[PDB]
Structure formats: structure tokens, C-alpha cells
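Just one chain is shown here, as C-alpha cells, and it is the form deposited in one PDB entry.
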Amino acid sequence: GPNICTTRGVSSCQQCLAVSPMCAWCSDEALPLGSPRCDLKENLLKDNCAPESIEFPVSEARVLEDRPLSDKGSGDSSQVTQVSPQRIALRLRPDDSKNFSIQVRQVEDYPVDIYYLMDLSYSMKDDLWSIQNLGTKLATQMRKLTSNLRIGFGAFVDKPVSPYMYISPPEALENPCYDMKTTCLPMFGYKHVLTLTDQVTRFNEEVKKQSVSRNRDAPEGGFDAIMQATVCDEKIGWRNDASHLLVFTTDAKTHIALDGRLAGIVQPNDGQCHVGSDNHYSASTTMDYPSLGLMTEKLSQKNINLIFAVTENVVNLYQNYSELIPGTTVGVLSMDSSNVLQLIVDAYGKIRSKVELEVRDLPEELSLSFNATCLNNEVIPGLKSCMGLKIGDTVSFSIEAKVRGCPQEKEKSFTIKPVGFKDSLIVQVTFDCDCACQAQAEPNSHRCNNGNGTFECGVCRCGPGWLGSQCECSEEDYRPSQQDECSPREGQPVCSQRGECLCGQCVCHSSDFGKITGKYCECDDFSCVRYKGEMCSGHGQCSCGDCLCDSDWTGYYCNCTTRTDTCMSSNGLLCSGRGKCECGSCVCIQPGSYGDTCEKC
């Protein structure tokens, strides 16, 4: 029967578009009165709504920009692309959805940036001695994995303030290690050492001039160093088109946010770059540690992949921490850091092994889901990532987007990107809704009687207390405008009980079996007789209970034909002139003659 698009009785094109995606709106001025204004496109089009007046917006997804996925890259960047398509145009109706797919590939030789952030508590003297040659060896090992490399360095101990700092007799201010009769640098929060550079030997030349320091308590203020290494991009030299590695080597647990309150530090971490011309961290002594929530935000923003190269005794702790920060991994750093190089290479190997998507700037009105095709021609609903990818592999995802209502702003753009990659797919959404026939509405034009309504899409949307297609009726006016013979006979209902009258005109409401018509709703197109289960035998048109049979058919049910071919005799005359053709057979009037053509006697 009639669909919600019709039975919900929406009086505006915009309302109909919100009723359901399948509803379609007609703006034809010549639409017959009572014809369903809005309905499923099939039904309404069957009602011959002009294509010049049909309104039926439909969701679509058009790719605006698409560079092919790069194959080797690593040289003459020329837009090394790892995500396709790059830009998509999307549009949707209040209750619609669309499917679009994103393809991700990991270039084999993509450049790399390694920043070595090394804790320098007094226990790390052996590690510092060990890693002196990490430069050249790292370059030779990585050259098997990428043709361009950049190496940096940095160190951190803890906030140089009591209770962490040794404020013990003045010697401890200039040589905190004087207690055990050794010389070491006065502790510090974080000092940048070496900007990222292609010249590897500079790493060796610099790391050989460093020294450890000493602090009182066991936890270390690494997270300050991590935050400063993420946000101070120009000091450290993070590249735009490259892979970012932040190696964080420590042998002790860390202070977290709100640990500074034990010192005189209450101000939170705003997450800004405070490294000055001096390569130290200025705001160390006046600013709390960063929360994990802020660190993840900054890491995602800057496209940093952070590797926890921690010792055995705290591997579990940092594993549990990394469980909260996407993109990180943990490795067992030996007590003397002898295996830092292999740890770095393996961590890079298993960091490139996974692809995961992030959605950012997604508006509230929108919501979307994912299907993954990671290892073979397979589909994994819901999951947004892959767990066993080989470098150089290609991955695909299918994205389903959903919306609610026509928001206040008609256009919004958001970005879908994989974790840690500069490349991104920006989806710009063009939200519905509007209709051409409604954009051309006439405010209170005389198309509506004495105004009393605004014309749009062939119908006057009437004002308060006003009713009718032309606002010819008003509830208040119904009191003085006493009805006069709404039906021809006094004592009978103002109309056929299928409807009532306003200002002497009957309103037939609605019907499911057909369309109501007539001055008093007393005629329609579904009350005629039936034959063989079909009204008027499918050979006539019903009208107010009468079958208007086609020219080739007659009778009340239109079940009998007037065709002459079957009744024409061999002489070219019907029934040989002896009878009349009825229902395709001749009835003979000449005495003694009989047969379908009066040929027998």
C-alpha cells in the first residue's frame, strides 16, 4: 500500500527528503489535485511527474584527486603517494549512507628520521660508553632498509628541583656525584644535543662528549623530554616527507602528570616548545609533567612513532603504558645497551608491519564504520588495522558513512589518515538539503488569496489558522463562514463519510486502495467490478464504479471482446451474415444455422 513517504503527510520538499532516502518530490504545477505530491520515485514517476519538475537528490561519492600509489619513492619525491584516493567529494541526505574505499601502501624505501633520546641517570654511564659507535653501525644497517637516513640525539634526567635535585651541601649543586668522589654534570630537565642530520659521523663525534648526572629519587622525568622532542620540530629537524622514529631508552620508571605537585609545580603542561637558543628546556622548573592524553595527542599530530627501549626490570610497566599510546612498541634494552642497534631495527620492522587508520575533525552528525582487507582477499568487519603486513605490501579498506538530519552548516571536511604517515585522505562533505522549487518561494505573494500564506513548490504554505492549498480556508473564519449545503440533500452528511467540507468543499483525507475523487468524495477509481481476479478484466478504465471498457471489449466487466477476426467467415462478412458476434463467437439468427461463424446447418 501507500508508503511512509505518502502517509506521513509532509507538506514540504525538505520535510520529504528527511522522511526517508527513497522519497521523491514533484514540483509540477500541472499536478492533478489530490495526486500524491511526494512518494517513492517509482510510484510518483508512474504518475508521470515531469522530469523537468521531479526533485530527488541522491547521495554520491565522487573522487576529486587521485594520484597513483607510489612504487619505490625515496628519490625525487615528486609527491611520493602512499594513500589513494587523496580527495573525495561526499554528499548525503539526512538518512542516507554511502560506501567508499581507501587503499594504503607502504613504500619500500621511504626515508627515515631517527632521534635517539637517551636517559642519563648515573646508571647510564656504561650505556653511554657502549653506544659511542652507534652512528656508523646504524647507518650501515639502515642502508639495507632505506637510501636516506638522518640521526639525532638528546638527553634527559629530571626536573632540577627539590625533592629530586641534590640540594645537599654546595658541592652537590656543581657536582651531584661528589658524595661518591666522582665528577658529573649538574642535573637538568632536557637538553637538545644534535639536530637531525645526514652526516652520521657527527652522531659519534657528539655522543663522545656527553656525561651522566645524578638525581635523588628513582622515577625520571622522561615525558618532558618526549613532549619537547615532539613539539620542537624545527629545533630537531623533523622532515615533512619521511618516517619518524623517537627512540626512548631508559632503565627506570617515570614521573607522570600531577607528580610535580610534590615540588612547587602546579601549572599543567600546555604542550608547547620551550627550548631556547640554549638547548635546554626552560619551563622544566615551573611546569608539571605531561599527561598521557596530551602526549598521545601531540604524537598523533606530529606523526611520531615512539619506541620504548627499556630494560628488563621495567618492561612490563612500559608495555602497559604503550598499550595506551597508539603507534608505540617496546623492546628489551640490555643493561649495557649493547643490543640497542638490533632493537631499533627490529622495532622499525614491526612498526612498519601494521597499518591503522585515524579519523580527525569528524563532525558529530556523521558516523562511519570500516571493513578491512589486510592479508588476502578477505574482509574483516569493524577492524581498522592490519597485523601482519610486509614492507611494500598494499592494503585496502571499505568505509561506510552515515548522517543524521540536515545540519546547520551545509559543508564540512574531515581527514582520514593512517597512523604515522604524512599522506592523508581528506573527505569534504556537501550536506543536503534544499529543493529548487523551495528556493524560488514567493513570500506572501497574491498567489495565495489576500496572502495568508507563502507559495512554494506549487502549494501555499498557509499562515496561522489558515488551511487549504490556496489558504482559502481558515479555522477562525470557519465560525462565521457557516457551511451551506455541503451536500445536495439536507439531513445527509456534509459530504460522503469518506470526508468533510471546509467552505463548501469536501476533503477526502486519504485512501490505501485507490484515489478518492468527486465533489463530495463520492467517486474513485477502485470500486468497479472484477472478473477473473482483475478489475474490468484489465480491458477498461474504472470511474466512479463504472468500467469504461476499451474499444475492443464490452460488457459490464469488459470480459467479452468485440473482435471481428474470429467471427469473420470465409466470405469476409461476420457470421456469414446469419448472426451476431458476441464474446468472440457468433450467435445465429437465421433459422437452422449454428456455429462459431454460422457455417453449419
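Here the rigid core means the biggest group of C-alpha atoms that line up within 1.5 Å when the two forms are laid on top of each other. We number the residues from 1 along the sequence you see.
From this point on, the text means the form deposited with a partner chain bound, which you will not see here.
- Exactly one listed residue, out of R216, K302, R202, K98, brings a non-hydrogen atom to within 4.5 Å of its partner chain in the deposited complex: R216.
- Out of the listed residues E220, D432, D423, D113, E220 is the one that sits within 4.5 Å of its partner chain in the deposited complex by at least one heavy atom.
- Residues with any non-hydrogen atom within 4.5 angstroms of its partner chain in the deposited complex fall in just one of 141 to 149, 206 to 214, 86 to 94, 340 to 348: 206 to 214.
- When its partner chain is considered in the deposited complex, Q82 lies well away from it, no heavy atom lying within 4.5 Å.
- Put simply, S123 is close to its partner chain in the deposited complex: some heavy atom of it is within 4.5 Å.
- With the core fitted between this form and the one not shown, just one of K208, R530, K350, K72 shows a Cα displacement of at least 2 Å, namely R530.
- Put the two forms on the same core and the Cα of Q482 is off by 2 Å or more between this form and the one not shown.
- Once the rigid core is overlaid between this form and the one not shown, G189 does not reach a Cα shift of 2 Å, moving by less than that.
- The Cα position of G237 differs by less than 2 Å between this form and the one not shown after fitting on the rigid core.
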